[PDB]
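Below you'll find only one chain, the form deposited in one PDB entry, shown as structure tokens.
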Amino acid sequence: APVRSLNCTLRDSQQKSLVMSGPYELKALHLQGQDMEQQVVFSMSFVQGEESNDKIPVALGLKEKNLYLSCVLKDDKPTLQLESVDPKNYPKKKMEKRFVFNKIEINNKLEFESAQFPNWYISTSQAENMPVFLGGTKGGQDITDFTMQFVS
């Protein structure tokens, strides 16, 4: 059958919202009021992959855009990128592994681990106006847990 998807927003556990910071970067900042329209709306697709009660493979596309969050090596390091795809072919149920995150329930919140790079997570910084990135160090003040808000 088709792939199933939900529209949603994400905020980090410090309650920063995610906005596009150019065509291919996301940044996290504290947002409230009129400026909340700036936040990115995701289409979260429920994709093929290893699954358990608390760990659900997803892709994170930008709603109304042929753009997906993507985990690749860049200058020999696992990195988060926004990658363009052929809009005729996406979303699909068998997304390529660079596009897959394991959405994990953690202490009433959500973590997004790279399926491609075990124990690398979608991360934000403490400071505002910094990129969303793929973090692979568990020590430090980087934020790896989020809440989801459902969108019409």
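Heads up, when I say rigid core I mean the largest set of C-alphas that superpose within 1.5 Å between the two forms. Position 1 is the first residue in the sequence shown; the rest follow in order.
Heads up, the form deposited with a small molecule bound isn't pictured, but that's what we're talking about next.
Contact annotation: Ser125 falls outside 4.5 Å of the small molecule in the bound PDB entry, judged by heavy atom distances. Not displayed here, the small molecule is approached by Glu50 to within 4.5 Å at the level of heavy atoms in the bound PDB entry. Contact annotation for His30: none of its heavy atoms lies within 4.5 Å of the small molecule in the bound PDB entry. By the 4.5 Å heavy atom rule, the three marked residues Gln14, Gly135 and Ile143 all fail to count as contacting the small molecule in the bound PDB entry. Core-superposed comparison between the shown form and the other one: among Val40, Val47, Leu67, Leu110, the single residue whose C-alpha moves by 2 Å or more is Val47. In the core-superposed comparison between the shown form and the other one, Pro23 has its Cα shifted by less than 2 Å. Put simply, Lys94 and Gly49 spread apart in the bound PDB entry: their C-alpha atoms are 3 Å or more farther than in the form shown.
A shift of at least 3 angstroms pushes the Cα atoms of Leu134 and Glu50 further from each other in the bound PDB entry than in the displayed structure.
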